[PDB]
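This document contains two forms of one protein chain, each encoded as structure tokens and listed individually as structure 1 and structure 2.
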Structure 1
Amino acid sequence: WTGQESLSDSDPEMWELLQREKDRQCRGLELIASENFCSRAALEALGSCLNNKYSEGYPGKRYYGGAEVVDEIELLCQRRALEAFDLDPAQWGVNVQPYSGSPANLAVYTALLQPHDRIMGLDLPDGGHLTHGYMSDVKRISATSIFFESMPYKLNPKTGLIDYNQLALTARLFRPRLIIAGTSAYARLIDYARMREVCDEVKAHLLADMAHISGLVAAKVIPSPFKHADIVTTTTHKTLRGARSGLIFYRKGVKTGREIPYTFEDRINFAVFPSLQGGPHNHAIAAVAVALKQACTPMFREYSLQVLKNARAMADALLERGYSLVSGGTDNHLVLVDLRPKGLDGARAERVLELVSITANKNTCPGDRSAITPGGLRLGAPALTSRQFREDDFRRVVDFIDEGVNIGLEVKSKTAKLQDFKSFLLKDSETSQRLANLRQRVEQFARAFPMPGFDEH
């Protein structure tokens, strides 16, 4: 045994599983708004010897030795992080060790808040993320609602937009110490200035969780939250098209003749390590650095502009075929389809689209009373846009979706409960082959496009 054998030679069971997933991504129309296809260059850093190096601590302030090189990697990642978002290194710092997006947010709360201090975020069914403090009416779901006290703000169910007025009203009563400006399922731009005013009034930290829109922010195609946020967290594997990791951007420098300084850096860094995490995943840090360099290129601005145009085209196409969209349209990478005016819930549509190799997620529309069967779908452009999809290609995506919706509508006719629906898609021969025909035409269409990453895994 040498440890240098190939995965295909050493573990054919796993090696084929990798190939099965690669074929699945190659043949499908991937519309998960949070998914992307990472570049081979980044993946080469992700699966590297940097996995072997323990480097607990920070560059220049480590707890072991031998970190000479990974110090330069981590410092280079920090510089590329600030560069990609046009940040002055004298006003902004970045922590590049958060293992993912959820660890990034929990680090911020741990850094700035005491246990049971109060947090406000967009409610999860309203388009906010778990780590913005999600509690149900029965259970504390996210740990950000266990270790901290969270009250959500809601959408205006008339506009589909964030009710900044109701947020301002309830924030003066709840008195949060931090408010999260950031979403998982929101098609519109966020009024960060308005969020800033609310935070300045109730004396709260404004945290921007730009995970979904980070790539658009780096390409300067949408307004940047760094103009108004004290803290900015993001995922690196969404519109940033990198490995799965997280980042925490924080302000530095000046916040009666007294110079008020920012105190985020030391608290944030201490929260990530040693408070929350152990050894940094330097392979992930490096892979993120590779993608961050890609985010400064003119190529990436072209890419991000395409993501915008393909989501508007997807939205326009859906509107033209009789679909309503929450908030009426989109100004970013995703579309929130309201399927209630067509008679199919988002749960049925998600499964029937999945059987024809169209990958989306059910989504709650304003007014939904059921979570077993939400009334919408979330569709995202970033992944297929990385496969060099253009506006016409996304209009064909909408025409495949419309076929799936019709097949699902015909099955809800012939079925009762949700489980009868799902089993009917597999056991009824007529619809089983009708699905297989659409699946085949979906996969033939998607296979023709180029795919970032390795060829075979």
Structure 2
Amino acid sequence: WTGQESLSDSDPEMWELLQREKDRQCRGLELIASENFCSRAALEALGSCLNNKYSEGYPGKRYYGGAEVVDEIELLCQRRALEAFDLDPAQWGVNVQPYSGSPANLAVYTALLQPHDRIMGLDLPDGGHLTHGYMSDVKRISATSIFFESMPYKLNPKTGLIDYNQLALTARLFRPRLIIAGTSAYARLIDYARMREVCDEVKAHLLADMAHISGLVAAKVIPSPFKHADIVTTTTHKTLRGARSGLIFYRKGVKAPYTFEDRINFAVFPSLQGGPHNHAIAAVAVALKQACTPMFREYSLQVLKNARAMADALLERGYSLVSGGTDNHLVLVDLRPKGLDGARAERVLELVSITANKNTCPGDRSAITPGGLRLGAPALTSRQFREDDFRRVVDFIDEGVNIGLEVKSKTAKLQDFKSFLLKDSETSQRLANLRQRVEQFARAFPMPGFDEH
């Protein structure tokens, strides 16, 4: 044993599984709005000797020896993050150690709030994220609703837009110390200036969780939350097309001085995390450099066009979209008026290599059996899909939904639905026929990453 044997020689079971997943990604219409295809260059840094290093602390102030190279990598990642978002280093700092998006948000709360201090985020079924303080009527779900006191704000149900007037009314009574502007399943742009007004009136910090839209912000194809936010968090693996990781941006310098920096860094380490994952930090720096290029603006412009084309195609086939369209990378389809639930839709489409996720819609009370379906353009746009290609995607989807509707008319419970798809010979044949056409269409496009893993 040398530790230098290749994966294919030393663990053929695992190596097969890797090829199977790579093939699955190549042959399918991958429409999960929070997924993307990472470049090989970033993946090569992710799987490197940087895994081996403990470097707790911050550059030039570490708790271990031997950190001179990872010091330069971390410093380089910080600089590339600021450049990518066109930030003045005298006005903004960045912490690049959060393991992912959820740890990044929890660190912001721990840094700025005492236990049981008050936060406000968009309610999950209305499009907010778990870590924005989500609890249901029956149960505190996110730890951000356990260690802190959360009250949600809501969409206007008639329009599908955030009700900024009701947010302002309730914020005066609830008195949050922090308000979160960021979404997981909202197809429109956020009025960050109006959020700033509310925060200024009640003396709350404004945190922008731009995880989903960060790549679009870097390419400057949509307005930037950095103009109005006190703190900005993001993941690096959605529209930024990087490895899985998180980032915290914070204002520094003179406000009228800002005191975010020391508290944010302390909350990440030593308070919440242990040793940084230097392989992820390096992979993030690689993707951030790619995001500064005119190539990336062109990609992000195409992401917007492809999502609009997808939405237009769905609207003309009679589908209901939450908020009536899109201004970003995703669409949220409310299947309730079509007579199908998100769980059944996700399953049928998955069987024909169309990959999405079921999603809550306004008014839903179950996330396991919700009424909607979320679709995103980023991943397939990275395979050079164009508007007409997304119009074809929508043809394939309708075709799968119609199969799902027919199976629903012949079954009662969800277990019956799932079994029927596999056992009925007639349905199985239409499924395979559609599957073959989808996979033949998808495999023709290029795919970022390694060729076989």
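When a residue number appears, read it as a position in the sequence of structure 1, where counting begins at 1. Between two forms, the rigid core is the largest collection of C-alphas that superpose within 1.5 Å.
After superposition on the rigid core, the C-alpha displacement between the two structures reaches 2 Å or more for just one residue among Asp316, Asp368, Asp191, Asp86, namely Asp368.
Aligning the rigid core between the two structures leaves the CA of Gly343 offset by 2.1 Å. Superposing the rigid core and comparing between the two structures gives a CA shift of 1.0 Å at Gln440. Superposing the two forms on their core, we find that the Cα atom of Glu354 is displaced by 0.7 Å between the two structures.
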